[PDB]
Amino acid sequence: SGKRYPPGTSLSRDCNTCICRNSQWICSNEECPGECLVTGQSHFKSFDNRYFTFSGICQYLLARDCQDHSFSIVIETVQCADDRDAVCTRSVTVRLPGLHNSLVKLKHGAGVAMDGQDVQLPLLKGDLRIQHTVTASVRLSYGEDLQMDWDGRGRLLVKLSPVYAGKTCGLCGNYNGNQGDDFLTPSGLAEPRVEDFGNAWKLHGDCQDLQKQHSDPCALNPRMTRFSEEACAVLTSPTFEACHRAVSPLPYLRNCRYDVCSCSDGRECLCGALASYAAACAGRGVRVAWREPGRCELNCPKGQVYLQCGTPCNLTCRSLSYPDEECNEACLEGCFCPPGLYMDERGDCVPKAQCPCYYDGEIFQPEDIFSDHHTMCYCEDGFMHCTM
Amino acid sequence: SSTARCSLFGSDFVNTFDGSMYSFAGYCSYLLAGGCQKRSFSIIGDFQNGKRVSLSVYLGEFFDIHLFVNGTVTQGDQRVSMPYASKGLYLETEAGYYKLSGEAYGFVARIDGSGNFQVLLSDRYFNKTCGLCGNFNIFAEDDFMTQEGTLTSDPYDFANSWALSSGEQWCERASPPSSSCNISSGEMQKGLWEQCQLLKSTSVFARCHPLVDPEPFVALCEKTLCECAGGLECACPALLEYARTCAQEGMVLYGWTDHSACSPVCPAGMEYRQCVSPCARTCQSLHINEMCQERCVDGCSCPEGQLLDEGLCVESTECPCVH
Amino acid sequence: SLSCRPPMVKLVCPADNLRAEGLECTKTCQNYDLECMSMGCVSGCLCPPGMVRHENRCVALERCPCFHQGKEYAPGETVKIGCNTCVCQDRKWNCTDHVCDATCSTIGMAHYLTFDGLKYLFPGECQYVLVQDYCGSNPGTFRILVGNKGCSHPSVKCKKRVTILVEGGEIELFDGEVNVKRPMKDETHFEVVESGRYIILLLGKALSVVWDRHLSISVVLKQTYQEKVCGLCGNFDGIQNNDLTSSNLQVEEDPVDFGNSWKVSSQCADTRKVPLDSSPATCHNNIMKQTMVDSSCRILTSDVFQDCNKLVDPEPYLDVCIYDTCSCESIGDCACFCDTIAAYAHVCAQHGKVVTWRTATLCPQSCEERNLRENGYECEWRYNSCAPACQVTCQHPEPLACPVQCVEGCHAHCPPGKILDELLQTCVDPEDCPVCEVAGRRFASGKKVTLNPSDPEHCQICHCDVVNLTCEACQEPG
Amino acid sequence: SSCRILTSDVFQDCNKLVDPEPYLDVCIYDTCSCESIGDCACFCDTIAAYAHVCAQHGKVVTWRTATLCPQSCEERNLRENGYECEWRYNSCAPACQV
Ligand SMILES: *[C@@H]1O[C@H](CO)[C@@H](O)[C@H](O)[C@H]1NC(C)=O
Ligand SMILES: *[C@@H]1O[C@H](CO)[C@@H](O)[C@H](O)[C@H]1NC(C)=O
Ligand SMILES: *[C@@H]1O[C@H](CO)[C@@H](O)[C@H](O)[C@H]1NC(C)=O
Ligand SMILES: *[C@@H]1O[C@H](CO)[C@@H](O)[C@H](O)[C@H]1NC(C)=O
Ligand SMILES: [Ca+2]
Ligand SMILES: [Ca+2]
Ligand SMILES: [Ca+2]
Ligand SMILES: [Ca+2]
Ligand SMILES: [Ca+2]
């Protein structure tokens, strides 16, 4: 990447490691997990790091295990503004044949609904865990080979581990390392026209298949042509200088100009597209400080404070009740409050004196002496001290 | 025919290409006309708060003349003088009223002294355009097809589908105005019902009926004779529109403003004629004829002599020279 | 109400089974293999289990067609994608496994299309390894190179130079003609077909080169290699996202750091990381001109190309158009525009879609000067849209291995009974060719090769210069 | 440089009769302002205007090649299936024939 390293060094990609020996990096070829990404209006990323766009309005199949049937994911697209070139995601439906043949549904908020029943988070069933992440985004985790992300305003993600190498099929592709075969319709033949690929995965026949995927919706709204240039010109400005040599910015720039000209409010469409880039720069190692009072700094409530890179392990009051559990989480970005204060259910965060206990799910107050005949339990400062 | 006509006359009112009126007190920019499959141009109308300001023509991606009630025609952000002729858009004044011709692209916009947008548009866009002035078809009932494509019964949420925002201002859904007329009714409907009625009674208007119907025009006036206090002149905006709408159909009317007690506003020296030629013989002009076979246009002009010189009528004896 | 038609029967949601997959999960031919959601059925009328809906007709058998490009195909019908046939006997397409012949390119001044298919931007001014075989752990037969001068910003400047190094040879080309600086040993495989606007140029059983005399470099390789090469064109493995493996054996993400790894002279200037933008230098803050160029590059999406746009995506070849002719200051020669469209038309021709896009007010391409040396104007040379490149001539009478089906350019056409020679520009009767047939067998028109090196005792050599029925004596080793 | 075709080996005969300095100032002016992309006509038409004036004074000129302002004439010889090939680009032929 245009800089020198001495011999013997070992720089590491996200995927694997490489070592310099005789002016030639030696590298391993061990597989590493993929990420299908939905975001913005209609902007997809396959597992094989392909980018494209398909603005159809039906229930499309996003992903599926296709040699066995451990799961299946189903996106549901709708038009999302006055324009016709604005088709955002409303909901996604997950299906686990391993447990009851159930049917999870991530709704347009941060809500989840199993089999029609709304649910309070967390949801530790046997395999699948569903919990908030920053208290503004849901995260499904089935087993150790599947993750998800929030489908409230339409930024679905997935994490498929290499045990699914090449054995999945959908809009997101085969997950085989080859970027070119991803336009493979279910009839087993690669299509060159994206307008044919997506409309082959629709689940309903009544839905209208589209004939052209447009590239410049700023023609129908020439007022936003100027603003869409200077707005996402910061994406190539040196504010993001640190991760041009980590991921190609040229598409994340291409997906901005389609979002800012198309959606109802180009304020947040702008600031949900710049974050699509920083969230990928951060997935490789580079964190960027791109927030300003002008460039969309979020408003953490009075109890909380903004924070760039922090630990979501010692935040929630449920942590003190279950301390022995492992938190093998990263250094995330969001709204926290200082280390003396821990997060309460009612939005405020409090010291650990009035931090309640969550014994057996039941929310006990900071001083609750409590006993059957044989056991003896009390809540001191977040933890539930039981005896016998 | 081979042409069309839209009009945004008076306050908040609209007249599409096909005999369909309504009211709309917008809050921001909105699309008047323009293609729908592919846009070579787009005529745009900015509203401050119900009352209109500017007409705008964005010629694809690269150009934007900005005329308005403000009259100080600007472009992009740099205020330019007037006349102006860049990119095949002659921005002239005709009959004391401002014009924006685009004959290469197939449209002729203009504004009057009071502020009344008008859009004459060719038959090349028959069945093609869609916007706030409706499609140019024969029918007049289907011409609310939203930006998605949806025949809507409401004349209001339609016009709010065709909104277009910028970076300087993002705009929301305007609300229909809460009419104060509903309590201040009084005598105002009894004595003033006649100025709307004289579209039907008087003989000078009693002959466009086989061409148009005044029933919408009388319908749209009676709701606006009630907010203005103490004036018969409140009827002549909805009436002035009826004059032009019959003129465009191929049957012009004459001398209707003699007894109507309302003449449209114009600067000093001139008053409202009817069917004056656009090629006004001015002072610093070349005495050439039989090239201006254009159709006849309404607007205010000078007296019989009193040639034009820089926006004022001056006597032919005092024609200056230039160097 | 409406009693539904005979061929199907109405359904009713049972109050017990949650799995009331009835009307909502209406299985058509698209969504049979696909798995469907359902809350409960409806008061509809659904086909039996043994059949499905098909465009307002409940087609009975599971014989319903096999879609491609949004078009019907009955079972048994075939389609030809590439060099493979593929039939939908059943409901899925069933294709062969004959990997086809890949093709680099240099679309414009500074772009490169790899074998597996990856357009990328690399403006350079040094000499660069386009493709070679000496890669890691291999013998190293051929080392095609490429070299540009004054070509970081496309313009009427940027003449290319190409030095190809096969079989210990050095044949190179620039300024229109091809030059041999060192002839190679096995002259039998060598061949040069100056047919039309191109210089087709074979070098072996599994190698070929094409050159439009101006900038394009389209080397064609066969099935033989399959991950034996590397360079700016990548490794030719099918995997499409490992074509940025630099010389130092790692994948890079920024192509401007890739080609800098493949320069020959390790002390010339490495090119500069340009700030990314949708507008090149001339089109930078000239939004007027940026639309006149965009519109004129929509010829790639026009009524005359509609057939090819369904096969070959034009979005790669459009980005090159806007990039080149912004930077290019076209004044007298509109070649930095007319050459990016011809590069798309030729790819459309290889897939069997000949096109006539060239008129008198757009990229004219006359052919009248060849019909000038003769005082009598015979008028045999003509611009033909896409004519075969591999024909028979006095110099090459036999049929050659033909990597290119057809090519644009000026082609000589005259009635039969006459064969073309290039030195005498017109076509001439066959007997006037300096053709050779020594001791009976059919072969070329006297190639300058020493046949039979193998056996000394059977050293029975018979050359032929132009016409002579001669045979030479072998010098004994003893 | 490209407008110095007006002062080239092929025009030396006419440069002695007709001053090229007027017709050169037009060349530099037009094709700067002109954004020639597909049609190089804002350049090829300023030289033809000089060649025609050179022709009126009896100096016919052939300045037009295949890499500079080609001007094919093959489409008129197309409506007939049999290609008779009578239409040709002629440098300066009489305009008033029968
Ligand atoms: C009105 O015109 C003035 C003078 O040209 C200009 O400064 C102003 O921005 C215009 N306002 C509107 C609402 O168009
Ligand atoms: C308008 O265009 C539509 C769609 O092409 C066509 O179906 C219809 O017949 C046209 N109507 C008129 C009045 O031309
Ligand atoms: C393809 O067709 C061949 C020949 O009929 C048959 O032998 C084979 O099983 C088919 N394969 C697939 C994948 O359908
Ligand atoms: C084009 O070339 C082909 C192949 O040589 C020939 O068969 C055909 O007649 C030519 N057509 C024209 C229009 O010259
Ligand atoms: Ca794949
Ligand atoms: Ca209508
Ligand atoms: Ca590869
Ligand atoms: Ca064939
Ligand atoms: Ca003479």
# chains A, B, ... in the order shown; residues from 1 in each chain; ligands from 1
>>> residues_near_ligand(ligand="ligand 9", cutoff="12 Å", atoms="only C-alpha atoms and all ligand atoms", output="list in words")
residues 55, 56, 57, 58 and 59 of chain D
>>> interface_residues(of="chain A", to="chain B", cutoff="10 Å", atoms="only C-alpha atoms", output="ChimeraX atom specification")
/A:79,81-85,218-228,231,260-261,264-267
>>> write_last_selection(atoms="N, CA, C and O atoms", output="mmCIF file, in the first residue's frame")
data_model
loop_
_atom_site.group_PDB
_atom_site.id
_atom_site.type_symbol
_atom_site.label_atom_id
_atom_site.label_comp_id
_atom_site.auth_asym_id
_atom_site.auth_seq_id
_atom_site.Cartn_x
_atom_site.Cartn_y
_atom_site.Cartn_z
ATOM 1 N N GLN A 79 -41.630 0.558 -1.526
ATOM 2 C CA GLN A 79 -41.303 1.934 -1.841
ATOM 3 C C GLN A 79 -41.374 2.764 -0.570
ATOM 4 O O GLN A 79 -42.157 2.484 0.338
ATOM 5 N N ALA A 81 -40.631 6.528 -0.395
ATOM 6 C CA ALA A 81 -40.681 7.970 -0.545
ATOM 7 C C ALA A 81 -41.563 8.270 -1.747
ATOM 8 O O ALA A 81 -42.179 7.371 -2.326
ATOM 9 N N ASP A 82 -41.625 9.545 -2.126
ATOM 10 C CA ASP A 82 -42.440 9.937 -3.267
ATOM 11 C C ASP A 82 -41.867 9.397 -4.570
ATOM 12 O O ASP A 82 -42.613 8.917 -5.430
ATOM 13 N N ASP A 83 -40.548 9.472 -4.734
ATOM 14 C CA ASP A 83 -39.887 8.995 -5.934
ATOM 15 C C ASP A 83 -40.127 7.505 -6.140
ATOM 16 O O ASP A 83 -40.481 6.769 -5.216
ATOM 17 N N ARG A 84 -39.918 7.064 -7.378
ATOM 18 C CA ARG A 84 -39.980 5.649 -7.708
ATOM 19 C C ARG A 84 -38.648 4.946 -7.506
ATOM 20 O O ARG A 84 -38.626 3.719 -7.362
ATOM 21 N N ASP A 85 -37.547 5.689 -7.503
ATOM 22 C CA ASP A 85 -36.218 5.143 -7.251
ATOM 23 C C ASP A 85 -35.860 5.230 -5.772
ATOM 24 O O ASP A 85 -34.797 5.711 -5.390
ATOM 25 N N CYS A 218 -31.237 11.705 -9.557
ATOM 26 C CA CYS A 218 -31.124 13.153 -9.437
ATOM 27 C C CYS A 218 -31.649 13.876 -10.671
ATOM 28 O O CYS A 218 -31.702 15.109 -10.673
ATOM 29 N N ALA A 219 -32.010 13.146 -11.724
ATOM 30 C CA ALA A 219 -32.627 13.761 -12.889
ATOM 31 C C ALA A 219 -34.062 14.160 -12.598
ATOM 32 O O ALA A 219 -34.513 15.231 -13.014
ATOM 33 N N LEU A 220 -34.793 13.310 -11.887
ATOM 34 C CA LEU A 220 -36.162 13.605 -11.508
ATOM 35 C C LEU A 220 -36.257 14.674 -10.427
ATOM 36 O O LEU A 220 -37.338 15.239 -10.237
ATOM 37 N N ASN A 221 -35.161 14.964 -9.729
ATOM 38 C CA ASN A 221 -35.107 16.030 -8.729
ATOM 39 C C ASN A 221 -33.805 16.787 -8.925
ATOM 40 O O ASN A 221 -32.833 16.586 -8.188
ATOM 41 N N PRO A 222 -33.747 17.680 -9.917
ATOM 42 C CA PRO A 222 -32.497 18.404 -10.173
ATOM 43 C C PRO A 222 -32.076 19.346 -9.063
ATOM 44 O O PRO A 222 -30.945 19.848 -9.104
ATOM 45 N N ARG A 223 -32.937 19.619 -8.083
ATOM 46 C CA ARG A 223 -32.563 20.495 -6.982
ATOM 47 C C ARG A 223 -31.440 19.908 -6.141
ATOM 48 O O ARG A 223 -30.630 20.658 -5.586
ATOM 49 N N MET A 224 -31.373 18.585 -6.034
ATOM 50 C CA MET A 224 -30.414 17.916 -5.167
ATOM 51 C C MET A 224 -29.114 17.548 -5.872
ATOM 52 O O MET A 224 -28.267 16.890 -5.264
ATOM 53 N N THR A 225 -28.934 17.946 -7.130
ATOM 54 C CA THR A 225 -27.703 17.613 -7.838
ATOM 55 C C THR A 225 -26.507 18.300 -7.203
ATOM 56 O O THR A 225 -25.467 17.671 -6.974
ATOM 57 N N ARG A 226 -26.636 19.594 -6.929
ATOM 58 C CA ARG A 226 -25.579 20.340 -6.261
ATOM 59 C C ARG A 226 -25.268 19.743 -4.899
ATOM 60 O O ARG A 226 -24.121 19.389 -4.612
ATOM 61 N N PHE A 227 -26.290 19.593 -4.059
ATOM 62 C CA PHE A 227 -26.082 19.146 -2.689
ATOM 63 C C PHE A 227 -25.467 17.757 -2.623
ATOM 64 O O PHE A 227 -24.668 17.481 -1.724
ATOM 65 N N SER A 228 -25.806 16.873 -3.562
ATOM 66 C CA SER A 228 -25.270 15.521 -3.518
ATOM 67 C C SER A 228 -23.794 15.466 -3.881
ATOM 68 O O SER A 228 -23.144 14.454 -3.607
ATOM 69 N N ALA A 231 -21.917 17.169 -0.530
ATOM 70 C CA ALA A 231 -22.246 16.447 0.693
ATOM 71 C C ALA A 231 -21.328 15.250 0.886
ATOM 72 O O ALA A 231 -20.579 15.186 1.868
ATOM 73 N N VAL A 260 -29.320 10.331 -1.427
ATOM 74 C CA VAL A 260 -29.618 11.711 -1.068
ATOM 75 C C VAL A 260 -30.606 12.336 -2.046
ATOM 76 O O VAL A 260 -31.425 13.174 -1.657
ATOM 77 N N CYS A 261 -30.555 11.946 -3.317
ATOM 78 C CA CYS A 261 -31.481 12.460 -4.318
ATOM 79 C C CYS A 261 -32.831 11.761 -4.310
ATOM 80 O O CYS A 261 -33.792 12.313 -4.849
ATOM 81 N N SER A 264 -36.863 10.924 1.174
ATOM 82 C CA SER A 264 -37.698 12.047 1.580
ATOM 83 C C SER A 264 -36.880 13.127 2.276
ATOM 84 O O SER A 264 -37.086 14.321 2.029
ATOM 85 N N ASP A 265 -35.954 12.726 3.146
ATOM 86 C CA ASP A 265 -35.094 13.650 3.879
ATOM 87 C C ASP A 265 -33.648 13.265 3.614
ATOM 88 O O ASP A 265 -33.171 12.247 4.126
ATOM 89 N N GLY A 266 -32.950 14.076 2.830
ATOM 90 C CA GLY A 266 -31.547 13.853 2.565
ATOM 91 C C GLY A 266 -30.612 14.177 3.704
ATOM 92 O O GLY A 266 -29.397 14.028 3.552
ATOM 93 N N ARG A 267 -31.135 14.623 4.846
ATOM 94 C CA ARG A 267 -30.285 14.879 6.004
ATOM 95 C C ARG A 267 -29.733 13.578 6.570
ATOM 96 O O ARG A 267 -28.514 13.394 6.658
#
>>> interface_residues(of="chain A", to="chain C", cutoff="8 Å", atoms="only C-alpha atoms", output="PyMOL selection string")
chain A and resi 1-2+23-27+177-180+186-189+191-193+196+200-205+236+245-248+250
>>> atom_distance(atom1="atom CA of residue A:88", atom2="atom CA of residue C:23")
26.5 Å
>>> residues_around(residues="residue C:137", least_positions_apart="5", cutoff="12 Å", atoms="only C-alpha atoms", output="PyMOL selection string")
chain C and resi 227-230
>>> residues_near_ligand(ligand="ligand 5", cutoff="6 Å", atoms="only C-alpha atoms and all ligand atoms", output="ChimeraX atom specification")
/A:48,173-179,181-182
>>> write_last_selection(atoms="N, CA, C and O atoms", output="PDB file, in the first residue's frame")
ATOM      1  N   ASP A  48     -19.492 -12.392  -1.378  1.00  0.00           N
ATOM      2  CA  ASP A  48     -18.237 -12.358  -2.103  1.00  0.00           C
ATOM      3  C   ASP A  48     -17.804 -10.940  -2.454  1.00  0.00           C
ATOM      4  O   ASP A  48     -17.073 -10.744  -3.430  1.00  0.00           O
ATOM      5  N   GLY A 173     -25.719 -14.723  -2.722  1.00  0.00           N
ATOM      6  CA  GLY A 173     -24.782 -15.518  -3.485  1.00  0.00           C
ATOM      7  C   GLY A 173     -24.404 -16.821  -2.819  1.00  0.00           C
ATOM      8  O   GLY A 173     -25.003 -17.267  -1.838  1.00  0.00           O
ATOM      9  N   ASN A 174     -23.369 -17.437  -3.389  1.00  0.00           N
ATOM     10  CA  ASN A 174     -22.946 -18.773  -2.996  1.00  0.00           C
ATOM     11  C   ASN A 174     -22.026 -18.796  -1.785  1.00  0.00           C
ATOM     12  O   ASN A 174     -21.925 -19.840  -1.136  1.00  0.00           O
ATOM     13  N   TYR A 175     -21.343 -17.694  -1.481  1.00  0.00           N
ATOM     14  CA  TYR A 175     -20.306 -17.671  -0.449  1.00  0.00           C
ATOM     15  C   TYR A 175     -19.216 -18.693  -0.776  1.00  0.00           C
ATOM     16  O   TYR A 175     -19.015 -19.684  -0.075  1.00  0.00           O
ATOM     17  N   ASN A 176     -18.532 -18.433  -1.895  1.00  0.00           N
ATOM     18  CA  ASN A 176     -17.497 -19.313  -2.420  1.00  0.00           C
ATOM     19  C   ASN A 176     -16.232 -18.574  -2.832  1.00  0.00           C
ATOM     20  O   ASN A 176     -15.351 -19.182  -3.448  1.00  0.00           O
ATOM     21  N   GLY A 177     -16.122 -17.284  -2.533  1.00  0.00           N
ATOM     22  CA  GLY A 177     -14.959 -16.519  -2.905  1.00  0.00           C
ATOM     23  C   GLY A 177     -14.993 -15.937  -4.297  1.00  0.00           C
ATOM     24  O   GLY A 177     -14.268 -14.971  -4.557  1.00  0.00           O
ATOM     25  N   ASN A 178     -15.798 -16.485  -5.202  1.00  0.00           N
ATOM     26  CA  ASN A 178     -15.906 -15.974  -6.559  1.00  0.00           C
ATOM     27  C   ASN A 178     -16.979 -14.895  -6.608  1.00  0.00           C
ATOM     28  O   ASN A 178     -18.136 -15.139  -6.254  1.00  0.00           O
ATOM     29  N   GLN A 179     -16.579 -13.712  -7.060  1.00  0.00           N
ATOM     30  CA  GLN A 179     -17.439 -12.542  -7.146  1.00  0.00           C
ATOM     31  C   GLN A 179     -18.268 -12.504  -8.420  1.00  0.00           C
ATOM     32  O   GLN A 179     -19.233 -11.740  -8.488  1.00  0.00           O
ATOM     33  N   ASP A 181     -19.883 -15.148 -10.201  1.00  0.00           N
ATOM     34  CA  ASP A 181     -21.011 -16.054 -10.346  1.00  0.00           C
ATOM     35  C   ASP A 181     -22.235 -15.651  -9.536  1.00  0.00           C
ATOM     36  O   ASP A 181     -23.223 -16.386  -9.545  1.00  0.00           O
ATOM     37  N   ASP A 182     -22.202 -14.515  -8.840  1.00  0.00           N
ATOM     38  CA  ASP A 182     -23.245 -14.230  -7.859  1.00  0.00           C
ATOM     39  C   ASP A 182     -24.599 -13.961  -8.502  1.00  0.00           C
ATOM     40  O   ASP A 182     -25.629 -14.111  -7.839  1.00  0.00           O
TER      41      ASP A 182
END
>>> select_by_dssp(residues="stretch 72-222 of chain B", states="strand (DSSP E)", output="mmCIF file with N, CA, C and O atoms, in the first residue's frame")
data_model
loop_
_atom_site.group_PDB
_atom_site.id
_atom_site.type_symbol
_atom_site.label_atom_id
_atom_site.label_comp_id
_atom_site.auth_asym_id
_atom_site.auth_seq_id
_atom_site.Cartn_x
_atom_site.Cartn_y
_atom_site.Cartn_z
ATOM 1 N N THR B 74 -32.408 35.883 -11.637
ATOM 2 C CA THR B 74 -31.025 35.437 -11.322
ATOM 3 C C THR B 74 -30.757 34.101 -12.020
ATOM 4 O O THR B 74 -31.696 33.548 -12.626
ATOM 5 N N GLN B 75 -29.518 33.612 -11.930
ATOM 6 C CA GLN B 75 -29.147 32.291 -12.498
ATOM 7 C C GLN B 75 -28.136 31.633 -11.553
ATOM 8 O O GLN B 75 -27.238 32.346 -11.066
ATOM 9 N N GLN B 78 -25.816 33.757 -9.061
ATOM 10 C CA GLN B 78 -25.395 35.069 -9.528
ATOM 11 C C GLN B 78 -26.564 35.779 -10.192
ATOM 12 O O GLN B 78 -27.123 35.283 -11.174
ATOM 13 N N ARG B 79 -26.934 36.936 -9.654
ATOM 14 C CA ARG B 79 -27.992 37.738 -10.252
ATOM 15 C C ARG B 79 -27.512 38.293 -11.584
ATOM 16 O O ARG B 79 -26.467 38.949 -11.648
ATOM 17 N N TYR B 90 -34.478 32.212 -24.220
ATOM 18 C CA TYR B 90 -34.576 33.657 -24.321
ATOM 19 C C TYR B 90 -35.504 34.181 -23.233
ATOM 20 O O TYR B 90 -36.692 33.851 -23.207
ATOM 21 N N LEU B 91 -34.951 35.001 -22.347
ATOM 22 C CA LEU B 91 -35.633 35.513 -21.164
ATOM 23 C C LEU B 91 -35.946 36.984 -21.410
ATOM 24 O O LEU B 91 -35.181 37.870 -21.029
ATOM 25 N N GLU B 92 -37.093 37.230 -22.021
ATOM 26 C CA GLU B 92 -37.467 38.519 -22.575
ATOM 27 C C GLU B 92 -38.605 39.127 -21.761
ATOM 28 O O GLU B 92 -39.033 38.581 -20.740
ATOM 29 N N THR B 93 -39.082 40.281 -22.221
ATOM 30 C CA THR B 93 -40.317 40.887 -21.743
ATOM 31 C C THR B 93 -41.215 41.156 -22.943
ATOM 32 O O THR B 93 -40.753 41.675 -23.964
ATOM 33 N N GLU B 94 -42.484 40.783 -22.820
ATOM 34 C CA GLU B 94 -43.473 40.968 -23.876
ATOM 35 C C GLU B 94 -44.693 41.637 -23.277
ATOM 36 O O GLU B 94 -45.260 41.132 -22.302
ATOM 37 N N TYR B 97 -44.891 42.321 -19.666
ATOM 38 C CA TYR B 97 -44.909 41.133 -18.832
ATOM 39 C C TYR B 97 -43.778 40.204 -19.243
ATOM 40 O O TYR B 97 -43.438 40.108 -20.424
ATOM 41 N N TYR B 98 -43.219 39.508 -18.260
ATOM 42 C CA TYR B 98 -41.977 38.773 -18.441
ATOM 43 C C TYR B 98 -42.236 37.403 -19.050
ATOM 44 O O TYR B 98 -43.234 36.753 -18.730
ATOM 45 N N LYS B 99 -41.327 36.968 -19.920
ATOM 46 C CA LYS B 99 -41.457 35.735 -20.678
ATOM 47 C C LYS B 99 -40.164 34.935 -20.594
ATOM 48 O O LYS B 99 -39.080 35.497 -20.429
ATOM 49 N N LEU B 100 -40.294 33.616 -20.717
ATOM 50 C CA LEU B 100 -39.166 32.686 -20.747
ATOM 51 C C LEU B 100 -39.484 31.649 -21.818
ATOM 52 O O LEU B 100 -40.217 30.691 -21.558
ATOM 53 N N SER B 101 -38.929 31.830 -23.011
ATOM 54 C CA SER B 101 -39.226 30.977 -24.149
ATOM 55 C C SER B 101 -38.151 29.916 -24.317
ATOM 56 O O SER B 101 -36.962 30.180 -24.122
ATOM 57 N N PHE B 107 -41.545 24.900 -24.884
ATOM 58 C CA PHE B 107 -42.342 25.518 -23.841
ATOM 59 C C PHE B 107 -42.169 27.025 -23.883
ATOM 60 O O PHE B 107 -41.164 27.536 -24.379
ATOM 61 N N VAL B 108 -43.174 27.725 -23.363
ATOM 62 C CA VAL B 108 -43.171 29.177 -23.243
ATOM 63 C C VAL B 108 -43.809 29.506 -21.904
ATOM 64 O O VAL B 108 -45.029 29.384 -21.752
ATOM 65 N N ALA B 109 -43.000 29.928 -20.942
ATOM 66 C CA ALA B 109 -43.484 30.384 -19.652
ATOM 67 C C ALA B 109 -43.542 31.903 -19.627
ATOM 68 O O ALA B 109 -42.929 32.577 -20.458
ATOM 69 N N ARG B 110 -44.286 32.438 -18.665
ATOM 70 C CA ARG B 110 -44.394 33.878 -18.505
ATOM 71 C C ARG B 110 -45.029 34.181 -17.160
ATOM 72 O O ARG B 110 -45.637 33.314 -16.528
ATOM 73 N N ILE B 111 -44.874 35.431 -16.730
ATOM 74 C CA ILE B 111 -45.528 35.941 -15.533
ATOM 75 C C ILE B 111 -46.022 37.353 -15.817
ATOM 76 O O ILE B 111 -45.437 38.081 -16.623
ATOM 77 N N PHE B 117 -48.455 32.571 -12.966
ATOM 78 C CA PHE B 117 -47.646 31.718 -13.811
ATOM 79 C C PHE B 117 -48.495 31.134 -14.931
ATOM 80 O O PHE B 117 -49.689 30.873 -14.766
ATOM 81 N N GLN B 118 -47.869 30.944 -16.085
ATOM 82 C CA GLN B 118 -48.518 30.368 -17.250
ATOM 83 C C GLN B 118 -47.482 29.553 -18.000
ATOM 84 O O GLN B 118 -46.308 29.924 -18.032
ATOM 85 N N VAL B 119 -47.916 28.438 -18.580
ATOM 86 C CA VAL B 119 -47.031 27.486 -19.236
ATOM 87 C C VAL B 119 -47.726 27.011 -20.500
ATOM 88 O O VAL B 119 -48.619 26.160 -20.435
ATOM 89 N N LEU B 120 -47.314 27.544 -21.644
ATOM 90 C CA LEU B 120 -47.750 27.035 -22.937
ATOM 91 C C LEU B 120 -46.757 25.969 -23.381
ATOM 92 O O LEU B 120 -45.544 26.196 -23.348
ATOM 93 N N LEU B 121 -47.274 24.816 -23.791
ATOM 94 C CA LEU B 121 -46.469 23.621 -23.971
ATOM 95 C C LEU B 121 -46.970 22.850 -25.185
ATOM 96 O O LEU B 121 -48.173 22.801 -25.450
#
>>> interface_residues(of="chain C", to="chain D", cutoff="9 Å", atoms="only C-alpha atoms", output="ChimeraX atom specification")
/C:289,292-293,296-297,325-326,328-338,359-369,378-379,382-383
>>> residues_around(residues="residue C:388", least_positions_apart="2", cutoff="12 Å", atoms="only C-alpha atoms", output="NGL selection string")
:C and (193-198 or 200 or 349-350 or 354 or 384-386 or 390-392 or 399-400 or 402-413)
>>> closest_atom_pairs(of="chain C", to="chain B", cutoff="10 Å", atoms="only C-alpha atoms", output="Markdown table")
| residue | atom | partner | partner_atom | distance |
| --- | --- | --- | --- | --- |
| C:286 | CA | B:62 | CA | 9.0 |
| C:287 | CA | B:62 | CA | 5.7 |
| C:288 | CA | B:62 | CA | 5.4 |
| C:289 | CA | B:62 | CA | 8.9 |
| C:290 | CA | B:62 | CA | 8.6 |
| C:291 | CA | B:62 | CA | 7.5 |
>>> residues_near_ligand(ligand="ligand 2", cutoff="10 Å", atoms="only C-alpha atoms and all ligand atoms", output="ChimeraX atom specification")
/B:126-128,136-139
